[PDB]
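To be precise, the following lines are work-v4.pdb, and they hold PDB, C-alpha atoms.
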```pdb
ATOM      1  CA  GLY A   1      89.445  62.453  94.213  1.00  0.00           C
ATOM      2  CA  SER A   2      86.883  64.585  96.031  1.00  0.00           C
ATOM      3  CA  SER A   3      83.537  65.080  94.290  1.00  0.00           C
ATOM      4  CA  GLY A   4      80.686  65.634  96.727  1.00  0.00           C
ATOM      5  CA  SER A   5      78.844  68.727  97.934  1.00  0.00           C
ATOM      6  CA  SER A   6      80.850  70.570 100.589  1.00  0.00           C
ATOM      7  CA  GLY A   7      82.902  73.217  98.814  1.00  0.00           C
ATOM      8  CA  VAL A   8      81.730  76.728  99.664  1.00  0.00           C
ATOM      9  CA  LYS A   9      83.998  79.261  97.961  1.00  0.00           C
ATOM     10  CA  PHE A  10      85.819  81.747 100.193  1.00  0.00           C
ATOM     11  CA  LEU A  11      85.784  85.537  99.864  1.00  0.00           C
ATOM     12  CA  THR A  12      82.810  85.138  97.526  1.00  0.00           C
ATOM     13  CA  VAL A  13      79.232  86.388  97.830  1.00  0.00           C
ATOM     14  CA  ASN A  14      76.863  83.415  97.900  1.00  0.00           C
ATOM     15  CA  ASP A  15      73.554  84.314  96.255  1.00  0.00           C
ATOM     16  CA  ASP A  16      71.764  82.030  98.715  1.00  0.00           C
ATOM     17  CA  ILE A  17      70.224  84.679 100.967  1.00  0.00           C
ATOM     18  CA  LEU A  18      70.121  83.816 104.670  1.00  0.00           C
ATOM     19  CA  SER A  19      69.587  85.738 107.908  1.00  0.00           C
ATOM     20  CA  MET A  20      72.537  86.518 110.179  1.00  0.00           C
ATOM     21  CA  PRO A  21      71.628  83.615 112.501  1.00  0.00           C
ATOM     22  CA  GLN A  22      71.283  81.469 109.379  1.00  0.00           C
ATOM     23  CA  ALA A  23      74.453  82.472 107.532  1.00  0.00           C
ATOM     24  CA  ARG A  24      76.939  82.360 110.408  1.00  0.00           C
ATOM     25  CA  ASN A  25      75.670  78.845 111.125  1.00  0.00           C
ATOM     26  CA  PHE A  26      76.100  77.785 107.497  1.00  0.00           C
ATOM     27  CA  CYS A  27      79.683  78.958 106.993  1.00  0.00           C
ATOM     28  CA  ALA A  28      80.591  77.087 110.178  1.00  0.00           C
ATOM     29  CA  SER A  29      78.905  73.851 109.104  1.00  0.00           C
ATOM     30  CA  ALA A  30      80.508  74.129 105.666  1.00  0.00           C
ATOM     31  CA  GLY A  31      83.957  74.811 107.086  1.00  0.00           C
ATOM     32  CA  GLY A  32      84.446  78.517 107.674  1.00  0.00           C
ATOM     33  CA  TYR A  33      83.048  81.738 109.117  1.00  0.00           C
ATOM     34  CA  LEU A  34      81.778  85.167 108.071  1.00  0.00           C
ATOM     35  CA  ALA A  35      84.518  87.334 106.566  1.00  0.00           C
ATOM     36  CA  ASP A  36      85.336  90.190 108.939  1.00  0.00           C
ATOM     37  CA  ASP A  37      85.801  93.680 107.500  1.00  0.00           C
ATOM     38  CA  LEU A  38      88.506  95.265 109.655  1.00  0.00           C
ATOM     39  CA  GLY A  39      91.078  97.155 107.609  1.00  0.00           C
ATOM     40  CA  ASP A  40      91.150  99.174 104.394  1.00  0.00           C
ATOM     41  CA  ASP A  41      92.995  96.544 102.359  1.00  0.00           C
ATOM     42  CA  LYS A  42      90.152  94.334 103.586  1.00  0.00           C
ATOM     43  CA  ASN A  43      87.269  96.726 102.921  1.00  0.00           C
ATOM     44  CA  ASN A  44      88.595  98.140  99.648  1.00  0.00           C
ATOM     45  CA  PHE A  45      88.622  94.507  98.520  1.00  0.00           C
ATOM     46  CA  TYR A  46      85.008  93.784  99.462  1.00  0.00           C
ATOM     47  CA  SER A  47      83.597  97.004  98.010  1.00  0.00           C
ATOM     48  CA  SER A  48      84.695  95.617  94.642  1.00  0.00           C
ATOM     49  CA  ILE A  49      82.831  92.307  94.777  1.00  0.00           C
ATOM     50  CA  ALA A  50      80.115  94.173  96.674  1.00  0.00           C
ATOM     51  CA  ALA A  51      79.232  95.980  93.447  1.00  0.00           C
ATOM     52  CA  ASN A  52      75.719  97.074  94.413  1.00  0.00           C
ATOM     53  CA  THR A  53      75.416  94.023  96.662  1.00  0.00           C
ATOM     54  CA  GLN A  54      74.486  93.952 100.350  1.00  0.00           C
ATOM     55  CA  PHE A  55      75.863  91.019 102.342  1.00  0.00           C
ATOM     56  CA  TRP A  56      76.378  90.224 106.025  1.00  0.00           C
ATOM     57  CA  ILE A  57      79.756  90.396 107.762  1.00  0.00           C
ATOM     58  CA  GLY A  58      81.603  89.325 110.896  1.00  0.00           C
ATOM     59  CA  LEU A  59      80.342  92.476 112.595  1.00  0.00           C
ATOM     60  CA  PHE A  60      77.382  91.743 114.869  1.00  0.00           C
ATOM     61  CA  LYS A  61      75.928  93.334 118.003  1.00  0.00           C
ATOM     62  CA  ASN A  62      75.841  91.270 121.197  1.00  0.00           C
ATOM     63  CA  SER A  63      73.466  91.206 124.168  1.00  0.00           C
ATOM     64  CA  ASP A  64      75.386  93.867 126.092  1.00  0.00           C
ATOM     65  CA  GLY A  65      75.140  96.060 123.007  1.00  0.00           C
ATOM     66  CA  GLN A  66      78.717  95.956 121.744  1.00  0.00           C
ATOM     67  CA  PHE A  67      79.886  94.931 118.272  1.00  0.00           C
ATOM     68  CA  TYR A  68      81.979  91.763 118.057  1.00  0.00           C
ATOM     69  CA  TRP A  69      83.627  89.716 115.309  1.00  0.00           C
ATOM     70  CA  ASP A  70      82.483  86.317 114.041  1.00  0.00           C
ATOM     71  CA  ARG A  71      85.149  83.694 114.735  1.00  0.00           C
ATOM     72  CA  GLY A  72      83.156  80.592 113.847  1.00  0.00           C
ATOM     73  CA  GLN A  73      80.735  78.468 115.856  1.00  0.00           C
ATOM     74  CA  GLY A  74      81.314  78.488 119.602  1.00  0.00           C
ATOM     75  CA  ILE A  75      84.694  80.161 119.179  1.00  0.00           C
ATOM     76  CA  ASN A  76      85.206  83.214 121.389  1.00  0.00           C
ATOM     77  CA  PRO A  77      84.260  86.371 119.442  1.00  0.00           C
ATOM     78  CA  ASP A  78      86.382  89.526 119.341  1.00  0.00           C
ATOM     79  CA  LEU A  79      85.251  92.931 120.606  1.00  0.00           C
ATOM     80  CA  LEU A  80      85.412  95.734 118.039  1.00  0.00           C
ATOM     81  CA  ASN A  81      88.199  97.830 119.560  1.00  0.00           C
ATOM     82  CA  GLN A  82      89.693  99.126 116.310  1.00  0.00           C
ATOM     83  CA  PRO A  83      90.344 102.866 115.827  1.00  0.00           C
ATOM     84  CA  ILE A  84      89.240 102.700 112.192  1.00  0.00           C
ATOM     85  CA  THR A  85      85.558 102.167 111.405  1.00  0.00           C
ATOM     86  CA  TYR A  86      83.156 102.360 108.463  1.00  0.00           C
ATOM     87  CA  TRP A  87      79.978 103.152 110.395  1.00  0.00           C
ATOM     88  CA  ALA A  88      77.609 104.962 108.036  1.00  0.00           C
ATOM     89  CA  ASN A  89      76.322 108.481 108.694  1.00  0.00           C
ATOM     90  CA  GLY A  90      75.031 108.152 112.245  1.00  0.00           C
ATOM     91  CA  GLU A  91      75.794 104.449 112.583  1.00  0.00           C
ATOM     92  CA  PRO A  92      75.841 102.440 114.546  1.00  0.00           C
ATOM     93  CA  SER A  93      72.094 102.834 115.070  1.00  0.00           C
ATOM     94  CA  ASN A  94      70.355 102.758 118.453  1.00  0.00           C
ATOM     95  CA  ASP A  95      67.420 100.647 117.274  1.00  0.00           C
ATOM     96  CA  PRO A  96      66.359  97.571 119.289  1.00  0.00           C
ATOM     97  CA  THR A  97      65.300  95.772 116.110  1.00  0.00           C
ATOM     98  CA  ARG A  98      68.636  96.370 114.386  1.00  0.00           C
ATOM     99  CA  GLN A  99      71.538  94.558 116.047  1.00  0.00           C
ATOM    100  CA  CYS A 100      73.443  92.931 113.184  1.00  0.00           C
ATOM    101  CA  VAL A 101      75.513  94.768 110.573  1.00  0.00           C
ATOM    102  CA  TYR A 102      75.674  94.207 106.815  1.00  0.00           C
ATOM    103  CA  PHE A 103      78.098  95.652 104.266  1.00  0.00           C
ATOM    104  CA  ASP A 104      76.313  98.178 102.052  1.00  0.00           C
ATOM    105  CA  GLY A 105      77.835  97.805  98.600  1.00  0.00           C
ATOM    106  CA  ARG A 106      75.365 100.167  96.948  1.00  0.00           C
ATOM    107  CA  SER A 107      76.456 102.898  99.363  1.00  0.00           C
ATOM    108  CA  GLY A 108      78.582 105.015  97.045  1.00  0.00           C
ATOM    109  CA  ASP A 109      80.662 106.009 100.062  1.00  0.00           C
ATOM    110  CA  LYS A 110      82.886 103.041 100.906  1.00  0.00           C
ATOM    111  CA  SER A 111      83.435 104.735 104.267  1.00  0.00           C
ATOM    112  CA  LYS A 112      79.695 104.595 104.940  1.00  0.00           C
ATOM    113  CA  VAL A 113      78.953 101.011 103.901  1.00  0.00           C
ATOM    114  CA  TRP A 114      78.480  99.790 107.470  1.00  0.00           C
ATOM    115  CA  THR A 115      74.802  99.679 108.429  1.00  0.00           C
ATOM    116  CA  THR A 116      72.846  98.043 111.250  1.00  0.00           C
ATOM    117  CA  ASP A 117      69.743  96.014 110.406  1.00  0.00           C
ATOM    118  CA  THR A 118      67.496  93.242 111.725  1.00  0.00           C
ATOM    119  CA  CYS A 119      69.073  89.789 111.951  1.00  0.00           C
ATOM    120  CA  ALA A 120      66.019  88.358 110.194  1.00  0.00           C
ATOM    121  CA  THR A 121      66.273  89.913 106.733  1.00  0.00           C
ATOM    122  CA  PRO A 122      67.534  87.295 104.244  1.00  0.00           C
ATOM    123  CA  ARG A 123      70.801  88.534 102.741  1.00  0.00           C
ATOM    124  CA  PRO A 124      73.968  87.066 101.172  1.00  0.00           C
ATOM    125  CA  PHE A 125      77.206  86.519 103.093  1.00  0.00           C
ATOM    126  CA  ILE A 126      80.856  85.540 102.669  1.00  0.00           C
ATOM    127  CA  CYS A 127      82.585  82.587 104.329  1.00  0.00           C
ATOM    128  CA  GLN A 128      86.297  82.637 105.157  1.00  0.00           C
ATOM    129  CA  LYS A 129      88.831  80.090 106.402  1.00  0.00           C
ATOM    130  CA  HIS A 130      91.307  80.567 109.252  1.00  0.00           C
ATOM    131  CA  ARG A 131      94.587  82.264 108.341  1.00  0.00           C
ATOM    132  CA  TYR A 132      96.536  79.206 109.487  1.00  0.00           C
ATOM    133  CA  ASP A 133      99.479  77.980 107.412  1.00  0.00           C
ATOM    134  CA  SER A 134     102.290  75.422 107.564  1.00  0.00           C
ATOM    135  CA  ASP A 135     105.995  76.209 107.910  1.00  0.00           C
ATOM    136  CA  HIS A 136     107.926  73.375 109.556  1.00  0.00           C
ATOM    137  CA  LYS A 137     107.312  69.628 109.342  1.00  0.00           C
ATOM    138  CA  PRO A 138     108.427  67.953 112.598  1.00  0.00           C
ATOM    139  CA  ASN A 139     106.260  64.867 112.095  1.00  0.00           C
ATOM    140  CA  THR A 140     103.397  63.466 110.018  1.00  0.00           C
ATOM    141  CA  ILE A 141     101.080  62.720 112.938  1.00  0.00           C
ATOM    142  CA  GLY A 142      98.599  61.546 110.323  1.00  0.00           C
ATOM    143  CA  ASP A 143      95.889  58.900 110.565  1.00  0.00           C
ATOM    144  CA  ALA A 144      93.813  57.163 107.892  1.00  0.00           C
ATOM    145  CA  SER A 145      90.785  59.410 107.396  1.00  0.00           C
ATOM    146  CA  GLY A 146      87.355  58.436 106.106  1.00  0.00           C
ATOM    147  CA  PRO A 147      84.500  60.095 104.185  1.00  0.00           C
ATOM    148  CA  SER A 148      81.711  62.043 105.886  1.00  0.00           C
ATOM    149  CA  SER A 149      77.953  61.603 105.486  1.00  0.00           C
ATOM    150  CA  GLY A 150      75.378  64.172 106.552  1.00  0.00           C
TER     151      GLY A 150
END
```
Spit out the file's structure as structure tokens when you get a sec.
Amino acid sequence: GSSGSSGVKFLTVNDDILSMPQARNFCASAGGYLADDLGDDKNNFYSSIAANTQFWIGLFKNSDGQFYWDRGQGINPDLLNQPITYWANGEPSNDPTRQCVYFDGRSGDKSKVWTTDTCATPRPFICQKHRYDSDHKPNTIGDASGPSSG
């Protein structure tokens, strides 16, 4: 059996408020990464759980000034090159203090939930696991594993 600590739920808003640079690091350590919001079926789903709740997302501005997607710790991020966006009225913003983006649940307009803000403000986030699955079983390639201690 497995009864320890590690066990962060996926696609779920974690009360524990943490800055962008604090959340992205957590999800990774736990075993996941910020849940990206690219696609209606994806947004329409968040808006629900985002019932008047503002949480961070995989959308974050980089040095250059472009918005990328969180793909874990170290992993190469993805550049926002999608035709569909949710940028609020005027967003993204051109403020030097605001670089990160957080889903605005309160925003009645689901199409205007995207909003840029400082990566220091403590806010909730959502961790997600890779979309990897198993299909064929060529070999076990397994090896006795042991417990972990932080």
Selection under test: the PyMOL selection byres ((chain A and resi 148) around 12); residues as a list in words: residues 2, 4, 5, 6, 145, 146, 147, 149 and 150 of chain A
Within 12 Å of residue 44 of chain A using all atoms listed in the file, minus same-chain residues under 6 positions, as an NGL selection string: :A and (37-38 or 50-51 or 86 or 103 or 105 or 109-111 or 113)
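The list of residues within 6 Å of (71.4, 96.6, 109.6), counted using only C-alpha atoms, is residues 98, 100, 101, 102, 115, 116, 117 and 118 of chain A.
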Could you save the residues just selected, with C-alpha atoms, as a PDB file, in the coordinates of the input?
```
ATOM      1  CA  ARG A  98      68.636  96.370 114.386  1.00  0.00           C
ATOM      2  CA  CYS A 100      73.443  92.931 113.184  1.00  0.00           C
ATOM      3  CA  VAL A 101      75.513  94.768 110.573  1.00  0.00           C
ATOM      4  CA  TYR A 102      75.674  94.207 106.815  1.00  0.00           C
ATOM      5  CA  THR A 115      74.802  99.679 108.429  1.00  0.00           C
ATOM      6  CA  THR A 116      72.846  98.043 111.250  1.00  0.00           C
ATOM      7  CA  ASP A 117      69.743  96.014 110.406  1.00  0.00           C
ATOM      8  CA  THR A 118      67.496  93.242 111.725  1.00  0.00           C
TER       9      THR A 118
END
```
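The residue set within 9 Å of segment 14-31 of chain A, counting all atoms listed in the file and dropping same-chain residues fewer than 6 places from it, reads residues 6, 7, 8, 55, 56, 57, 58, 60, 70, 72, 73, 100, 101, 102, 118, 119, 120, 121, 122, 123, 124, 125, 126, 127, 128 and 129 of chain A.
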Å distance separating atom CA of residue 66 of chain A from atom CA of residue 104 of chain A, one decimal place: 20.0 Å
Selection dump of the PyMOL selection byres ((chain A and resi 77) around 10), as number ranges by chain: A: 58-60, 62, 67-76, 78-80
As a tab-separated table (two decimals), in the coordinates of the input, could you write out segment 106-125 of chain A once it has been completed with N, CA, C and O atoms?
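Contents of out-v4.tsv, as written:
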```
chain	number	residue	atom	x	y	z
A	106	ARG	N	75.99	99.08	97.69
A	106	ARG	CA	75.36	100.17	96.95
A	106	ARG	C	75.86	101.52	97.44
A	106	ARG	O	76.12	102.43	96.65
A	107	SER	N	75.99	101.65	98.76
A	107	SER	CA	76.46	102.90	99.36
A	107	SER	C	77.69	103.43	98.64
A	107	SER	O	78.80	102.94	98.84
A	108	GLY	N	77.48	104.43	97.79
A	108	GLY	CA	78.58	105.02	97.04
A	108	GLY	C	79.80	105.26	97.91
A	108	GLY	O	80.93	105.03	97.48
A	109	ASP	N	79.57	105.73	99.13
A	109	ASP	CA	80.66	106.01	100.06
A	109	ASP	C	81.14	104.73	100.74
A	109	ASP	O	80.46	104.18	101.60
A	110	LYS	N	82.32	104.26	100.34
A	110	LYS	CA	82.89	103.04	100.91
A	110	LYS	C	83.13	103.20	102.40
A	110	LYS	O	83.24	102.21	103.13
A	111	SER	N	83.20	104.45	102.86
A	111	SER	CA	83.44	104.74	104.27
A	111	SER	C	82.12	104.73	105.04
A	111	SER	O	82.11	104.84	106.27
A	112	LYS	N	81.01	104.61	104.32
A	112	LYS	CA	79.69	104.60	104.94
A	112	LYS	C	78.90	103.37	104.49
A	112	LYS	O	77.69	103.44	104.31
A	113	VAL	N	79.59	102.25	104.32
A	113	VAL	CA	78.95	101.01	103.90
A	113	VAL	C	78.35	100.27	105.09
A	113	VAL	O	77.35	99.57	104.95
A	114	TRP	N	78.96	100.44	106.26
A	114	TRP	CA	78.48	99.79	107.47
A	114	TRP	C	77.08	100.28	107.84
A	114	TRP	O	76.84	101.49	107.90
A	115	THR	N	76.17	99.34	108.07
A	115	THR	CA	74.80	99.68	108.43
A	115	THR	C	74.17	98.58	109.28
A	115	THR	O	74.29	97.40	108.98
A	116	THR	N	73.50	98.99	110.35
A	116	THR	CA	72.85	98.04	111.25
A	116	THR	C	71.43	97.73	110.78
A	116	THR	O	70.68	98.62	110.40
A	117	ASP	N	71.07	96.45	110.82
A	117	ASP	CA	69.74	96.01	110.41
A	117	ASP	C	69.31	94.78	111.18
A	117	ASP	O	70.10	94.17	111.90
A	118	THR	N	68.04	94.41	111.04
A	118	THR	CA	67.50	93.24	111.72
A	118	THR	C	68.21	91.97	111.29
A	118	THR	O	68.57	91.81	110.12
A	119	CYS	N	68.41	91.05	112.24
A	119	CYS	CA	69.07	89.79	111.95
A	119	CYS	C	68.08	88.76	111.42
A	119	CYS	O	68.26	87.55	111.61
A	120	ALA	N	67.04	89.24	110.75
A	120	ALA	CA	66.02	88.36	110.19
A	120	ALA	C	65.96	88.48	108.67
A	120	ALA	O	65.63	87.52	107.98
A	121	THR	N	66.29	89.67	108.17
A	121	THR	CA	66.27	89.91	106.73
A	121	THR	C	67.25	88.99	106.00
A	121	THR	O	68.44	88.96	106.29
A	122	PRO	N	66.73	88.23	105.03
A	122	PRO	CA	67.53	87.30	104.24
A	122	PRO	C	68.49	88.01	103.30
A	122	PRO	O	68.06	88.66	102.34
A	123	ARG	N	69.78	87.89	103.57
A	123	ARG	CA	70.80	88.53	102.74
A	123	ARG	C	72.01	87.62	102.56
A	123	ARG	O	72.26	86.72	103.36
A	124	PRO	N	72.77	87.86	101.48
A	124	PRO	CA	73.97	87.07	101.17
A	124	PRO	C	75.10	87.32	102.16
A	124	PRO	O	75.11	88.32	102.87
A	125	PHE	N	76.06	86.40	102.19
A	125	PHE	CA	77.21	86.52	103.09
A	125	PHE	C	78.48	85.99	102.44
A	125	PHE	O	78.46	85.56	101.28
```
